[PDB]
Amino acid sequence: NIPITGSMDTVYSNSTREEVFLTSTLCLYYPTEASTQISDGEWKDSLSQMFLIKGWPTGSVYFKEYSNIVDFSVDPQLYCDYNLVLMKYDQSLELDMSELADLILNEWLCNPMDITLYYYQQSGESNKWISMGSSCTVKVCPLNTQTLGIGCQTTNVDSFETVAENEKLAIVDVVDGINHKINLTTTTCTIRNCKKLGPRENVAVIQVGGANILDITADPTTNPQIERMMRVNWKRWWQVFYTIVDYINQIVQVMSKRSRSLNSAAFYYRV
Amino acid sequence: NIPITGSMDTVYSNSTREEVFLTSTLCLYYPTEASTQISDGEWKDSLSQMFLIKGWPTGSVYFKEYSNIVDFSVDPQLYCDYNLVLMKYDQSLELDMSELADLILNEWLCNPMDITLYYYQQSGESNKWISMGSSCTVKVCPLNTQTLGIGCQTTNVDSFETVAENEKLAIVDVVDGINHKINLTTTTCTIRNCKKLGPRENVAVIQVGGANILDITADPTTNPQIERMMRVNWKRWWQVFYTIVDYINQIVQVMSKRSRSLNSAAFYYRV
Amino acid sequence: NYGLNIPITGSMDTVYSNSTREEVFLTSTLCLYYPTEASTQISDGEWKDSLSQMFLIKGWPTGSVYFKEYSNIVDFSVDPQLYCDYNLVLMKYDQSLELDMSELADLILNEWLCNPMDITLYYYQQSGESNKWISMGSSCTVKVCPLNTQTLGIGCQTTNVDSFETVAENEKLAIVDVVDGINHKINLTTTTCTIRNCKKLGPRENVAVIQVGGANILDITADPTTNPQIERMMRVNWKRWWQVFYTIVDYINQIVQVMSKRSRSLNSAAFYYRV
Amino acid sequence: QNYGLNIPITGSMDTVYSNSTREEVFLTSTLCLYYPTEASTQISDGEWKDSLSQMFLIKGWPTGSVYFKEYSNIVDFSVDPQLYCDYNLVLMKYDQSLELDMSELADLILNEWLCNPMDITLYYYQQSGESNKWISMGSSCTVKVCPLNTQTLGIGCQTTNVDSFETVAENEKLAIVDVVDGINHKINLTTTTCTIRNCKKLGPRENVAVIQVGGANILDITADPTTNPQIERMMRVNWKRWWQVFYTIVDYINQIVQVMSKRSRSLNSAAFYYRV
Ligand SMILES: *[C@@H]1O[C@H](CO)[C@@H](O[C@@H]2O[C@H](CO)[C@@H](O[C@@H]3O[C@H](CO)[C@@H](O)[C@H](O)[C@@H]3O)[C@H](O)[C@H]2NC(C)=O)[C@H](O)[C@H]1NC(C)=O
Ligand SMILES: *[C@@H]1O[C@H](CO)[C@@H](O)[C@H](O)[C@H]1NC(C)=O
Ligand SMILES: *[C@@H]1O[C@H](CO)[C@@H](O)[C@H](O)[C@H]1NC(C)=O
Ligand SMILES: *[C@@H]1O[C@H](CO)[C@@H](O)[C@H](O)[C@H]1NC(C)=O
Ligand SMILES: *[C@@H]1O[C@H](CO)[C@@H](O)[C@H](O)[C@H]1NC(C)=O
Ligand SMILES: *[C@@H]1O[C@H](CO)[C@@H](O)[C@H](O)[C@H]1NC(C)=O
Ligand SMILES: *[C@@H]1O[C@H](CO)[C@@H](O)[C@H](O)[C@H]1NC(C)=O
Ligand SMILES: *[C@@H]1O[C@H](CO)[C@@H](O)[C@H](O)[C@H]1NC(C)=O
Ligand SMILES: [Ca+2]
Ligand SMILES: [Ca+2]
Ligand SMILES: [Ca+2]
Ligand SMILES: [Ca+2]
Ligand SMILES: [Ca+2]
Ligand SMILES: [Ca+2]
Ligand SMILES: [Ca+2]
Ligand SMILES: [Ca+2]
Ligand SMILES: [Ca+2]
Ligand SMILES: [Ca+2]
Ligand SMILES: [Ca+2]
Ligand SMILES: [Ca+2]
Ligand SMILES: [Ca+2]
Ligand SMILES: [Ca+2]
Ligand SMILES: [Ca+2]
Ligand SMILES: [Ca+2]
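Chains as they are written, first to last, in the authors' numbering: chain a, 56 to 326; chain q, 56 to 326; chain p, 52 to 326; chain n, 51 to 326.
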């Protein structure tokens, strides 16, 4: 990063809202029960026409339905330029909802893990292991300096310490600085060693249900309410979508253009 | 575009080949008979590795099969950042190959036509009508200033002068200045009035078979040869792919990044 | 040691003059290479004598003109020996021979330096864009298997030749290119077909390839981007071999004016075998 | 690099060249031994190539830097002898009555010949001068020459009666035939099995050294009768055992290579004259 000098007297520039609405795309990820309750199917076209009033051209809005939160957690591709994630809260899904929110909101640099050969440590605070799949049950057996289990026997998977069971997505943090042996169902689930970089400006999460419960920061001490974790009450999905459409300017104002020299190619819905 | 002054003694910048290969995607479009002759199926991954040797990241190369030339001709969507189009020449497909090459190689600004109602002229030299679908059969009837057909009755479609039949794609040019009544088979084909902007520098077409026959310029007088219309003799598709991979530096150098502000969203494959 | 390091200073105003002499042969020699189709259609056998008699009036003394007769393009591609000084090669175009004609043209029109390749023992690479592998013989089936850095075949198992990848099958001549900098394990029928690691020096200009038939299809440069039109890549249009030979004889002064007797080699081979 | 031009080279005479030191040619070049098959038969072995390569390594030549190209016998090797190699040694075993065949083979592989083709059934030929010969190579060459006077009428021979021709060689796999320089000749030889080429002699070939293993000095390579030079590359050694001969060659290989030199035509310096 080179320095960029700037005066403190230059006049504020005009509003760039129209430029960004003409140049960018918005995409909404909502659960299937939304469409089920709406009981329609001209509704995507109607909402596109409705967005056109707020100033998003006809092709700018992309509605990507997903089955439900736990099933969408498994490797979410956010094919867009401004991402909204409607997220219906149900009791006992708190941790999984938080996991998904952390995953998409935060920028991660992930490396493959070969569970069958190497025992993996965690470098520090920012490192986690993310396991995604149809059913991930990661079991961890910590190891000594001589590679012998403590609280576990390295060859008896039954004595291992389970930290996730049958979960589509698990973000495990273990004690940093200790080698571990992992048992995860290699045919089903894929585990990656990831480091949390800064935040992802592209995505916003609209919790639809209950109290302020999302905790992106795995640290117990800090529980910061980030601006992109919006929340709203609901009884009717039509009311939720009308709320979003009416207040779309505020939402995209909260979000901001993504900035990262990525290396993994993937499909994007850009103009 | 505002003026851009420049000095004639600026030192040449360092090469950007590494940067562009690190921040772009190469985008191969090959016929299905290619893979059938290959008789393999790790070959996509193997070619990705052989591209990684040349410099591209592991996922930056995207392979897209297509059925055959006309079936690709209908709706060419180039879902990626540097497009190479392998194109096997066989006899009697000269004009459809040329039509496809022209359509992908030039930028078109274009909009629909409601054939059943209006009469349509053509603005000038750079204004064609592009018909795409399962089976296009344009049948045109020129009119007079009095709105009576010449060589054709305005009502009797049987007297209309057909200018293409049963083609998946047709880039039809008619006399520029005469109101034409069109019949086209609305079910299995759609016709859109299109105007030709500057070149689409993002694509490059590699004719695999025999001699130079592509004539993208519909004008008889001019038959220019463009750097992006490559031609390579062949007997084995493995040899074709190996030549392309080895000389990819030359190909991407010949090709340039796109420059056109689109008003439409689409699925690109970027990094 | 021809002192090929010091510059030669010319002058830009003096003069247009004559070339003195050179005493290694009484005069240059012209040298046709035609297919047997020509003889069969001509249906003669004093015709070489007649063609020599007609070159004599063009100004070529008797012993200077020689004729060579190859079976066809593929059978000439194997070890094309140019035993001679001004070589013309009449290549009758036929459909599906486009790549083979291009192979032969790229072979003879350019000056190759070839090393041996012991396929059974070692893997091989390609140093740069100018380095090809040239395989010749009665029948070549070059199956390659590229290996990663760890000497593990990618897309192929080095122990199973069936998984190897056939870049060219059953060819009399194959100028095969593979991705540069990657080791390859090669497999070809060593009894019948041999292979060589050949780098491309500059162009050879004894040879004029006269495509007798169709359109401009010769692509000597393996680069897909470039497709140059060399002056020696001639293309004439034909109905009858008498007309073809008569055109060559009539215009032979231009044919040799566009060539150079200098770039000639001791041995008649199409490459310099450097062991 | 200014190829294809004769441009003079000026050079100081009193230059120290204290940097100049011995060049280790063997670290890069490739030695290349040709021996008769009876050598192998007497040796009665089959890792002797390996043993000699190991001994060459101990002299200094890398493992892959020595080739052993067997040849059946002198006559069968004489036909189209192609020495595509970087330092050729040829162990010619001498037998009585093979004097001229050894001499002509040695001439062929010691002198660089520039060869034009010939069409015997179409043209008459005359040798330009001292440096020109006709090289006839094949399974069995039988050259019959009919000299022709100015009126194209044969002398000592009828132009049509091949039988009256004057045989200059018969049943020879190699024949460097020299005739009167300045006389047109009509040639006759068995075109299917033997080829003949009009060959000028350029300078010497320095890539090749010929160890005569047997008798006295008989190699008169110069077709002139007056001059009988002894080129240093025409080496000679007595013998009673092929193992002894091979050990001698391996022991003294450095001196042999000093006698030899890099092929002049092979270098880039000869790029546009007659490069090979
Ligand atoms: C982490 O722990 C699980 C729990 O055991 C491991 O599952 C085990 O996987 C192996 C290989 O897939 C199974 O081996 C099987 O053995 C039977 C006979 O014992 C044989 O018929 C099969 O062909 C196969 O070899 C093993 O049964 C299976 N264990 C259980 C309880 O089903 C898992 O492999 C561990 N993770 C890693 C990375 O090894
Ligand atoms: C910015 O806003 C002011 C006030 O509305 C307007 O006068 C000006 O033209 C705007 N800037 C541009 C570039 O249009
Ligand atoms: C500058 O160019 C040189 C080429 O010699 C290259 O090695 C170097 O990496 C380049 N530096 C940058 C920053 O691109
Ligand atoms: C074209 O003509 C056919 C036959 O008269 C008719 O069925 C079809 O509807 C016509 N299409 C249009 C667009 O007029
Ligand atoms: C050079 O060649 C031409 C060819 O016609 C000849 O007329 C001329 O006399 C020659 N030069 C000299 C100095 O004779
Ligand atoms: C080529 O492959 C065949 C099997 O198809 C094998 O028998 C042969 O030895 C291989 N050639 C070489 C030189 O290894
Ligand atoms: C050796 O030294 C001389 C002068 O001392 C110099 O001209 C020459 O270039 C040097 N050559 C080498 C190979 O060092
Ligand atoms: C050599 O002589 C024989 C004997 O008559 C003859 O048949 C043959 O044609 C002669 N060779 C040539 C090249 O004419
Ligand atoms: Ca335990
Ligand atoms: Ca979870
Ligand atoms: Ca941790
Ligand atoms: Ca927390
Ligand atoms: Ca078409
Ligand atoms: Ca009509
Ligand atoms: Ca027009
Ligand atoms: Ca044209
Ligand atoms: Ca394979
Ligand atoms: Ca071939
Ligand atoms: Ca190559
Ligand atoms: Ca080319
Ligand atoms: Ca003899
Ligand atoms: Ca006689
Ligand atoms: Ca003589
Ligand atoms: Ca003598």
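All residues carry an ideal CB built from backbone N, CA and C; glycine is no exception.
CB contact check: residue i to chain p, cutoff 7 Å
i         : result
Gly265(q) : yes
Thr65(n)  : no
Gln51(n)  : yes
Secondary structure of residue i, DSSP reduced to three states
i             : result
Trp293(q)     : helix
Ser62(q)      : coil
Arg315(a)     : coil
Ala225(n)     : strand
residue 55(q) : Absent from the model: residue 55(q). The displayed extent of chain q is 56 to 326, so no value can be given.
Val309(a)     : helix
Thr243(n)     : coil
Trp163(p)     : strand
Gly204(p)     : strand
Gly179(p)     : coil
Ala89(n)      : helix
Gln262(a)     : strand
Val140(n)     : strand
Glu73(a)      : helix
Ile57(a)      : coil
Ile170(q)     : coil
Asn288(p)     : coil
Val129(q)     : coil
Cross-strand partners of residue i (DSSP beta bridge)
i         : result
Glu154(n) : DSSP, once it has assigned bridges, lists no residue as partnering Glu154(n).
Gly188(q) : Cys244(q)
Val116(a) : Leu81(a)
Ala321(a) : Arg325(q)
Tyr121(n) : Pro86(n)
Interface flag, residue i vs chain a, CB-CB below 7 Å
i         : result
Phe127(q) : no
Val300(q) : no
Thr80(q)  : yes
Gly206(q) : no
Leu317(q) : yes
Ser115(q) : yes
Chain q contact residues for residue i, given Cβ-Cβ distances below 7 Å
i         : result
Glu216(p) : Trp293
Short CB-CB distance (under 7 Å) between residue i and chain q
i         : result
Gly54(p)  : no
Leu141(a) : no
Chain q residues whose Cβ lies nearer than 8 Å to that of residue i
i         : result
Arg325(a) : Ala320, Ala321, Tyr323 and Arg325
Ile268(p) : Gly265, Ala266 and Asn288
Between the CA atoms of residue j and residue i - distance to the nearest angstrom
i         : j         : result
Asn69(p)  : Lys312(p) : 17 Å
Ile268(q) : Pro86(q)  : 19 Å
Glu149(p) : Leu224(p) : 13 Å
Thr60(a)  : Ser90(a)  : 50 Å
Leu102(p) : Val300(p) : 8 Å
Chain-ordered chain a contacts of residue i [CB-CB under 8 Å]
i         : result
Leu102(q) : Those do not exist, as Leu102(q) stays about 15 Å from chain a at its closest Cβ, beyond 8 Å.
Within chain a, the residues that residue i reaches when beta carbons sit closer than 9 Å
i         : result
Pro112(q) : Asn318, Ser319 and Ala320
Chain-ordered chain q contacts of residue i [CB-CB under 9 Å]
i         : result
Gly232(p) : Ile108 and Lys109
Neighbouring residues, chain p, relative to residue i (Cβ below 8 Å)
i         : result
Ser178(n) : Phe76 and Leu77
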